[PDB]
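Here are the chains, one letter per residue:
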Amino acid sequence: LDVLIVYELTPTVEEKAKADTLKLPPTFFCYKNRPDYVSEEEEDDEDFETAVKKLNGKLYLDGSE
Amino acid sequence: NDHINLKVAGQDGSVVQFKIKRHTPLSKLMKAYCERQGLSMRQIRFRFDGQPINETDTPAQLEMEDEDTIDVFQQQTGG
Amino acid sequence: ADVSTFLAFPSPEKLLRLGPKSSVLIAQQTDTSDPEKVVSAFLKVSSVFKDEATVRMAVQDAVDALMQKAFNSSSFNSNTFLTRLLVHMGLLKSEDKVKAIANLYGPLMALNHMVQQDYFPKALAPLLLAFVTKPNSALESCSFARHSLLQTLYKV
Amino acid sequence: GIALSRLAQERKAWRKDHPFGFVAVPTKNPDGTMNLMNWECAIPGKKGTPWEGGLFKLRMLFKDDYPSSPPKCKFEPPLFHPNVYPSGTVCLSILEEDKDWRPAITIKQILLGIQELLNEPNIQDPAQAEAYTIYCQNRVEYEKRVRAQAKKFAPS
């Protein structure tokens, strides 16, 4: 009555099993459950300096995103 | 003494939502969060509005609201 | 040689028994382009210090010989030397494991002399000031050595 | 036996979800595959601190024991900061297997932690003399130096 847990973000059995195997937090793979998520194809060819260029010098959010 | 939903958002991505009485001190919720997550209250710290929260503090006393999120931080020190 | 045994097992007696040429002899025998190897030598000479004058002046002269050859070398980095010194005196943590030396008296008294010298870069002074003023057991162990060096350092 | 397998998942995850302003990219093996044990990283200074505007390159090096053991993290080039060794190695309790490291701590948290460390030194135990000295001598001069360094590593 004093304090109660109504909700926790929880993965499926499968996601938690994968996290547990790698010793990652339970909620690690929950990004795959995002509506954006593309079940993406792409291999990683992208180097460090490109990733840096891709920032365009903008290091912080302005709230306009 | 009516109820608010407070979310506790951990650095590891977890979120634990508590239903808590507005006049209840947060030391209760902190303890329950540590018990749930398996940490010690000295091994981490709690923050709302970017300000560190006392055990003493009350949600109304801190002017909280529904779905207002509390942030947890892992303690660390340089060396 | 004669030096190689004194360095390998320093004693105040072996320092004199090198003869009056000992300052140059030790300074010659060390790599003066290597800050760490200079630190190793400096502490070994330091370790045999007594305030009895013929041991005192002999340590001071070996230090002056070692340091002046080191501080005029272009391949010698002064800041890296001081860093490794603080590491070996256990006043500063390091990535590598280092032998803790129990008594800091000699190194302190040596430093006290060497800081007065003209070959000593005045730039390294406040770095020293910061780590001698900083709480340490072995620095508290010789409080008088520590205090004397501090008052020399304020004068710089 | 989970190191490469986990690192691969962390890199996948990072591409979808990672903190704004931060970069984590595994280097390349000679055969063109990703080397998951060696990542080049970039940490932005915290906004509203003297660190603001800097993007600081960090190398993160793993081993087979990951995540039983944390990576070693090395700022390239080395940074002016009380807890960064002259080598660039960052010294932080969560990066120490014996103190605050837990295997559940991810690369994200490591990067967010190194960030937190930037504006919150522990000066009781400095990893370097130079930044300890300035911080303790004159704090305003310390921040001045930090602002300058941030500007130098500001991007483009």
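The numbering scheme restarts from 1 for each chain and tracks the written sequence of that chain rather than necessarily the entry's numbering. Residues without coordinates are not displayed. Throughout, the order in which chains and ligands are written sets their labels, letters from A for the former and numbers from 1 for the latter. Calculated side-chain values reflect all of the structure's heavy atoms, with hydrogen atoms and water omitted.

Remarks on the overall build of chain D
Elements are defined by DSSP. Helices are runs of H or I of four residues or more, strands are runs of E of two residues or more, and each kind is numbered from the N terminus. A tally of regular secondary structure across chain D gives 4 helices and 4 strands. Counted from the first residue to the last, chain D has its helices and strands arranged as α-β-β-β-β-α-α-α. On C-alpha atoms alone, chain D measures out to a radius of gyration of 16 Å, which is about the 15 Å that the 2.2 N^0.38 rule sets for 156 residues. Viewed in the frame of its principal axes, chain D has a C-alpha envelope of about 50 × 35 × 25 Å. Each residue is placed in one exposure class: buried if its accessible area under a 1.4 Å probe, protein chains only, is under 20% of its type's maximum, exposed if it is over 50%, and partly exposed if it falls in between. Taking all 156 residues of chain D together, the buried fraction comes to 55%. In chain D, the share of contacts with a sequence separation of at least 24, taken over all contacts with a separation of at least 6, comes to 54%. It is over C-alpha atoms that the radius of gyration is taken, and the globule rule equals 2.2 Å times the number of residues to the power 0.38. We call two residues contacting when some pair of their heavy atoms lies within 4.5 Å.

Here we look at the environment of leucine 66 of chain C
Residue and element names in this part refer to chain C. Looking at the secondary structure, you find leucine 66 in helix α5 (residues 53-71). Assessed through its relative accessible area of 1%, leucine 66 is described here as buried. C-alpha separation for the pair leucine 66 and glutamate 140, spaced 74 residues apart in sequence, amounts to 28 Å. Leave out the neighbours within four places in its chain, and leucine 66 touches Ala27, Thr30, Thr32, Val38, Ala41 and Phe42.

Here we look at the pairing of strand β5 (residues 69-74) of chain B
Consecutive residues of a regular strand have side chains that alternate between opposite faces of the sheet. Residue and element names in this part refer to chain B. The two faces of β5 differ: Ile70, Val72 and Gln74 on one face are buried, but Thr69, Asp71 and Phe73 on the other face are not. In this analysis, strands are considered paired if DSSP registers two or more bridges between them. Pairing of strand β1 (residues 3-9) with β5, which is carried by 3 bridges, proceeds in the parallel orientation. Residue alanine 9 lies in a different strand from β5, and its bridge partner there is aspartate 71. Strand direction decides the pairing type here: strand β3 (residues 44-48) and β5, joined by 4 bridges, are antiparallel. Bridging from a neighbouring strand, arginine 45 pairs with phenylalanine 73 of β5.

Observations concerning the UniProt feature "domain: UBC core" in chain D
As annotated by UniProt and renumbered to match this structure, "domain: UBC core" occupies residues 2-155 of chain D. End-to-end, the C-alpha atoms of residues 2-155 of chain D are 35 Å apart, and along that stretch the chain is 32% helix and 18% strand. UniProt positions are given in the numbering used here, feature names are shortened, and annotations may be inferred rather than shown by experiment.

Here we look at the interface of chain D and chain C
How big an interface is tends to be stated in terms of the accessible area lost upon association of its parts. Each partner contributes residues to the interface: chain D has 16 residues there, and chain C has 12 residues. Summing the contributions of chain D and of chain C, the shared interface buries around 1,100 Å²; its carbon and sulfur component is 60%. On the chain D side of the contact with chain C, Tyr85, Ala129 and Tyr132 of chain D bury the most area, a combined 38% of that side's loss. As a salt-bridge pair, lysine 72 of chain D and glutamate 95 of chain C come within 3.6 Å of each other at their nearest N and O atoms. Here a polar contact means two N or O atoms within 3.5 Å. Within protein one must be a hydrogen donor candidate and the other an acceptor candidate, and residues neighboring in sequence count only if both atoms are side-chain atoms. Taken together, the links from chain D to chain C amount to 5 residue pairs in polar contact. Ranked by residue count, the leading element in the side of chain D that touches chain C is helix α3 (residues 129-137) of chain D, at 5 residues. Per-class residue counts for the side of chain D that touches chain C are 7 nonpolar, 6 polar and 3 charged. Buried area: the accessible area, evaluated with a 1.4 Å probe, that two parts lose upon being put together, summed over both parts. Salt bridges are identified by distance alone: a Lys or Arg side-chain nitrogen within 4 Å of an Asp or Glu carboxyl oxygen. Only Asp, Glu, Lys and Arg are considered charged, only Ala, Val, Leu, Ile, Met, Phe, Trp, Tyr, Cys and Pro nonpolar, and every remaining residue, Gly among them, polar.

Brief notes about the side chain of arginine 146 of chain C
All names here are of chain C. By secondary structure assignment, the location of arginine 146 is in helix α10 (residues 143-155). The charge count treats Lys and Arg as positive and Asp and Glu as negative. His and the chain ends do not count. Look at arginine 146: it is buried, it has no salt bridge, and the nearest opposite charge is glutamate 140 at 4.4 Å. Excluding residues within four positions of it along the chain, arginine 146 makes contact with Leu108, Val132, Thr133, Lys134, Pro135, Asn136, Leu139 and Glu140.

Focus on the interface of chain A and chain D
Facing 26 residues of chain A, the contacting portion of chain D comprises 35 residues. The contact between chain A and chain D buries some 2,600 Å² in all, and 69% of this surface belongs to carbon and sulfur atoms. Contact with chain D buries area across many residues of chain A, yet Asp44, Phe48 and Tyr60 of chain A alone supply 28% of it, more than any other trio. Linking chain A to chain D there are 5 salt bridges. In this structure, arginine 15 of chain D and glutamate 42 of chain A form a salt bridge, with 3.3 Å as the shortest nitrogen-oxygen distance. Contributions of two or more residues to the side of chain A that touches chain D are made by α1 (13-22) and α2 (48-53) of chain A. For the side of chain A that touches chain D, the element with the highest residue contribution is α2 of chain A, accounting for 3 residues. Residues belonging to the side of chain A that touches chain D are distributed by class as follows: 15 nonpolar, 2 polar and 9 charged.

Remarks on the packing of helix α4 (residues 35-47) of chain C against α5 of chain C
Residue and element names in this part refer to chain C. Following both chains from N to C, one finds α4 and α5 inclined at 170 degrees, their axes separated by 10 Å at the closest point. Comparing the axis directions of α4 and α5 gives the class roughly antiparallel. In contact with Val38, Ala41, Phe42 and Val45 of α4, α5 contributes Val59, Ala62, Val63, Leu66, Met67 and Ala70. Looking at the contact of α4 with α5, its residues break down into 10 nonpolar, no polar and no charged. Here the axes come from fitting lines to C-alpha atoms, over the contacting stretch only for helices, and the angles between their N-to-C directions go from 0 to 180 degrees. Orientation categories follow fixed angle ranges, with anything under 35 degrees roughly parallel, anything over 145 roughly antiparallel, 65 to 115 roughly perpendicular, and all other angles oblique.

Details of the layout of surface pockets
Of the pockets and cavities examined, the largest pocket occupies roughly 690 Å³. Residues are called lining when one of their atoms sits within 4 Å of a cavity or pocket point, these points coming from a 1 Å grid over the protein atoms alone, where a cavity is a set in which a 1.4 Å probe fits but cannot get out and a pocket is an open set with protein on both sides within 12 Å along at least five of seven lines. Surrounding the largest pocket, 26 residues form its lining, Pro19, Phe22, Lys46, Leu112 and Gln115 of chain D being those nearest its centre. Among the secondary structure elements, those contributing two or more residues to the lining of the largest pocket are β3 and β5 of chain B together with α2 (107-119) of chain D. The class makeup of the residues in the lining of the largest pocket is 11 nonpolar, 8 polar and 7 charged. Grid points are joined across faces, edges and corners, and a volume is the space filled by probe spheres set on the points.

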